[PDB]
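Chains as they are written, first to last, in the deposited numbering: chain F, 429 to 441; chain E, 429 to 441; chain m, 565 to 720, 734 to 845; chain o, 238 to 608; chain C, 23 to 128; chain B, 24 to 128. Report on the following structure.
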Amino acid sequence: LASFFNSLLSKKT
Amino acid sequence: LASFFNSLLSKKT
Amino acid sequence: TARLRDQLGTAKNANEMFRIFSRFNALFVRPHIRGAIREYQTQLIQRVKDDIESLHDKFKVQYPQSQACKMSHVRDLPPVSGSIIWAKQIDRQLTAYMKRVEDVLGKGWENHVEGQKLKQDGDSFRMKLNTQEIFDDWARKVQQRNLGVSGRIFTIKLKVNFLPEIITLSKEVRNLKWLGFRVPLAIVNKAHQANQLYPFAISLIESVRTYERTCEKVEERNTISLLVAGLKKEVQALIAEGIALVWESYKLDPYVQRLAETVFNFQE
Amino acid sequence: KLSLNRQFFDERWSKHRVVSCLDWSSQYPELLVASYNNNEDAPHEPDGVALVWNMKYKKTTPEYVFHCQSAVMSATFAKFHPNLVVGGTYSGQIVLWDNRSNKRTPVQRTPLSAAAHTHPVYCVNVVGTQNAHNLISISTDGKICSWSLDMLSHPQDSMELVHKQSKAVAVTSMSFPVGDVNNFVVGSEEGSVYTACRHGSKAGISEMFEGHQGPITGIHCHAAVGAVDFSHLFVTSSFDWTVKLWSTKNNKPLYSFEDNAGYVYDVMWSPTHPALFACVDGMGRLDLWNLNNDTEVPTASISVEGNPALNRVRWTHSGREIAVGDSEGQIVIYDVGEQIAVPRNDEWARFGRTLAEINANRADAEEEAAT
Amino acid sequence: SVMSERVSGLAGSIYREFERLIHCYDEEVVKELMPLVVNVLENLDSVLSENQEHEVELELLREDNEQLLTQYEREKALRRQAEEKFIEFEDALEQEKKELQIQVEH
Amino acid sequence: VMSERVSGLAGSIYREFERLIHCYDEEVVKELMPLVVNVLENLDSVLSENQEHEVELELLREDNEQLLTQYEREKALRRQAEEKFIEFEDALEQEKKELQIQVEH
């Protein structure tokens, strides 16, 4: 469940 | 629980 | 019993015999009265089985191939809600026929010789007649679609930032709430947002289409351009006033008719 | 007996369209208007299109053709102006057509403002008298506006029909009792008949009428006038495969008619015979119900060839003919026999004994269910 | 820990709002709010998973109560049926052995 | 009543909401209010339902254990009564037929 928005974040890094 | 975030918002608008 | 054995001499059709069998149902708790009526029960079971098979052939075709989908679409029913309605009325007819066979066979009808197959097939048919999965799939695709209403009231050529197909979602929300489904609250609030802005958006898109249809006429006939430029700049000022407005604004409510009557005046 | 009289179809206009409303002019009893949905095959063709047909002539061509750019699904004549045809469309315009004008474009239309209807309009009607009458239209969102028939750019009165902490109802049908202008009944998509008042201190929806589990598709108040009054009765049709008879003095349905094996679309009373009405289904079977004869079996039922879905049904003012409208677009007209259409002298008295018996049977059934 | 459809739906709406707020202003909106949201989101799934265990335990132990009550009642009744047949057999065959005793005494 | 873990996580998102409101503008959370009060109300209501289920669970488990014990004791009494019955049966019939062979002598 934590993976979803972590991916949300790492899009531009 | 509505009232509290409601205050959050109107407290300075 | 002799007062009940004149049934064929009174009832000429199975429907009034159904009705008089339903009216006099409580006399059949007595075992002698239950044993007295046996040649009627077999015919009644065969008629109910024929009706159940006929409704099975009604459900043999699907909702897209049915004429009911066409007749619901011509009566402004959204197709998801029309499918839900159609399956629920099929289930209601099945429950009515189960009530009929319970009335005809008396109590303990589920354990009877003929009632066992009827009850088992009714259970297996009602398992296939539920509407939860189609509702869940509709909810998932609505929660995937994201028909938003937020933004400025214009988009650039002149057009209004409003898809007109969002009013279908409001129809499905106001229909599925009637059918006992608990839709999520964000979808209900989006339907409220659509239903509030829909007449104003319709008047906006109609005034914009009127303005461009007369602007084509103005730019086609250039000889009278001096006469009609008095209010062309006026409605351009109205448009530029509405450029700063967004859909969340509460100032659109005077603004829509304040655009509309000027558009009508410029048309006239 | 039930027999075929005439068949109406136009290849250019009526092809691949569903009939949506039927009416017969009171001044010209040989005329019939019609209303059609859009043609999905030809977007270049007009979406809404209205046709006027005739009885006296033998000509298969329609007498007048009217059309509109949006799909019209509610059409009627004007009661006190013979030259006018009122239509209600998908977009919410209430267009007005004139036969004396040579243009098939609508000569007048209401604005698409929030003051007027923006949701589709399925009911349009004219009530009032010769020297005082308005045009009444209710849209699907529950908005009902009154229009003067000479000036159409602004509604006269407007309010929204609400109930249950002001939730908007979804008006799908409409009827008016004979001799009444202020009180009327509506159907609903929410499956419940309401009573409404036009103007007053309780102007708006008055009462629940409960008992339909499906969307109500057609209602009609009683119209036949004789020795004993019957104007408080009306019959509704719905998607629940039932036709239900109601009265305004009862919160519950009087009797449910369950002869069908499909959706039921319209029902309306005979204007002459007091205990006679007709209903249509999704299998083309126009049924006739005589309440003084039997309460569970249609008196005369015939099927349309090819079996399409019959949308609308509408009697004539004479009551000797009856017009149906199918799902492909052919207005099929039947003429009923003299043994069914003609009311006898005791028919009002026989129905005066009939309704009471029906109510008694209903009470018996309900007590049985309770126990 | 299987996620339900309802928690996935409202987390999808949270994902929608978070993408909208990321696109609208900057990255720095989400960087402290999403760890304060995801633990509540885990807590919703945890309390639903515990609640369904509570429901199935309630149903099985309830039906075991109604099994126990009627089984004990039937067993008490069939103990009573043992306890008067004893008495009837006892006094009947005691009277017969007493009449046998006095007839063999004389 | 508001539960304390929901109140603490509520305070966490309250100070976060104050940070985002003071940091940029007032439209940061205008689309975030009826989502987050729904999520917090969901957690509170399901936790309250869990709280009801726990106490009714402990009541029915307790009298379940009591009913199991008393039914086991009833089993013991029933089996003992049947054994005493069949023993008294055999013994009395035994000396009765010893009496009738004494009669036949």
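For every residue, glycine included, the Cβ atom is placed at its ideal position computed from N, Cα and C.
{"Query": "I want to verify the contact list: residues of chain m whose CB lies under 7 Å from the CB of residue 61 of chain B, in sequence order.", "Result": "762"}
{"Query": "Find the nearest neighbour of residue 593 of chain m within the set m:825, m:667, m:807, m:710, judged by alpha-carbon distance.", "Result": "m:667"}
{"Query": "Tell me the start and end of each unbroken alpha helix (DSSP H) in the region 626-669 of chain m that is at least 4 residues and wholly inside, in chain order.", "Result": "631-637, 643-669"}
{"Query": "Within the same chain, show all residues whose beta-carbon is closer than 6 Å to that of residue 479 of chain o, passing over the 5 residues directly before and after it, in chain order.", "Result": "493, 495"}
{"Query": "Using a Cβ-Cβ cutoff of less than 7 Å, which residues in the same chain neighbour residue 462 of chain o once the five nearest sequence positions on both sides are dropped?", "Result": "415"}
{"Query": "For chain m, check one thing: does any of its Cβ atoms lie closer than 7 Å to the Cβ of residue 355 of chain o?", "Result": "yes"}
{"Query": "Would you check if the distance between the CB atom of residue 449 of chain o and the CB atom of residue 428 of chain o is smaller than 7 Å?", "Result": "yes"}
{"Query": "What in chain m is Cβ-close to residue 372 of chain o, meaning under 7 Å?", "Result": "Residues of chain m passing the Cβ test: none, with the nearest at roughly 20 Å."}
{"Query": "Rank C:122, C:23, C:123 by C-alpha distance to the C-alpha of residue 69 of chain C and give the top, closest one.", "Result": "C:23"}
{"Query": "Can you round the beta-carbon distance between residue 386 of chain o and residue 318 of chain o to whole angstroms, since I take them to be within the 8 Å contact cut?", "Result": "7 Å"}
{"Query": "Does DSSP put residue 630 of chain o in a helix, a strand or coil?", "Result": "The shown model of chain o, from 238 to 608, leaves out residue 630 of chain o, and the question about it has no answer."}
{"Query": "Please return the same chain residues whose Cβ sits closer than 7 Å to the Cβ of residue 651 of chain m, not counting the five positions on each side in sequence.", "Result": "693, 695"}
{"Query": "Does residue 54 of chain C get closer than 7 Å to chain F when you measure Cβ to Cβ?", "Result": "no"}
{"Query": "Judging by CA-CA distance, which residue of m:818, m:796, m:663 is the nearest neighbour of residue 831 of chain m?", "Result": "m:818"}
{"Query": "Nearest by alpha-carbon distance to residue 703 of chain m: which of m:758, m:715, m:740, m:670 is it?", "Result": "m:758"}
{"Query": "By DSSP, does residue 555 of chain o sit in helix, in strand, or in coil?", "Result": "coil"}
{"Query": "Taking the alpha helix (DSSP H) that residue 34 of chain C falls in, what are its first and last residues?", "Result": "27-46"}
{"Query": "With distances taken between CB atoms, is the gap from residue 779 of chain m to residue 355 of chain o smaller than 7 Å?", "Result": "yes"}
{"Query": "Buried or exposed: where does residue 577 of chain m fall if 16 or more other Cβ atoms within 10 Å of its Cβ makes it buried?", "Result": "exposed"}
{"Query": "Going along the region 63-86 of chain C in order, which residues come within less than 9 Å of chain B, judged by CB to CB distance?", "Result": "63, 65, 66, 69, 70, 72, 73, 76, 77, 79, 80, 83, 84, 86"}
{"Query": "What residues of chain F sit near residue 37 of chain C, judged by a beta carbon separation below 8 Å?", "Result": "432, 433, 436"}
{"Query": "CA-CA distance, residue 348 of chain o and residue 842 of chain m?", "Result": "13 Å"}
{"Query": "Give me whichever residues DSSP pairs with residue 601 of chain o in a beta bridge.", "Result": "Residue 601 of chain o is not bridged to any residue."}
{"Query": "Confirm the yes/no value for this check: CB of residue 444 of chain o, any heavy atom of the ligand FMN, distance under 6 Å.", "Result": "Absence of the ligand FMN is noted for the structure shown, with no ligands found whatsoever."}
{"Query": "Using only alpha-carbon positions, find the residue among o:545, o:546, o:575, o:484 that is nearest to residue 596 of chain o.", "Result": "o:484"}
{"Query": "Between m:640, m:582, m:691, m:800, which has its C-alpha nearest residue 661 of chain m's C-alpha?", "Result": "m:582"}
{"Query": "What residue does the beta strand (DSSP E) around residue 381 of chain o start on, and which one ends it?", "Result": "380-384"}
{"Query": "Which term fits residue 376 of chain o, buried or exposed, when burial requires 16 or more other beta carbons within 10 angstroms of its beta carbon?", "Result": "buried"}
{"Query": "By the 10 Å Cβ neighbour count, where 16 or more other Cβ atoms means buried, how is residue 28 of chain B classified, buried or exposed?", "Result": "exposed"}
{"Query": "Report the three-state DSSP secondary structure of residue 111 of chain B (helix, strand or coil).", "Result": "helix"}
{"Query": "Is there a Cβ from chain o that is less than 7 Å from the Cβ of residue 640 of chain m?", "Result": "yes"}
{"Query": "Reducing DSSP to helix, strand and coil, say where residue 51 of chain C ends up.", "Result": "coil"}
{"Query": "Is DSSP giving residue 821 of chain m helix, strand or coil here?", "Result": "coil"}
{"Query": "Look at the Cβ atom of residue 534 of chain o, then the Cβ atom of residue 516 of chain o, and state whether they are nearer than 7 Å.", "Result": "no"}
{"Query": "Whose Cβ in chain B lies nearer than 7 Å to the Cβ of residue 119 of chain C?", "Result": "119, 122"}
{"Query": "Taking residue 277 of chain o as the reference, which of m:625, m:634, m:575, m:824 has the closest Cα?", "Result": "m:634"}
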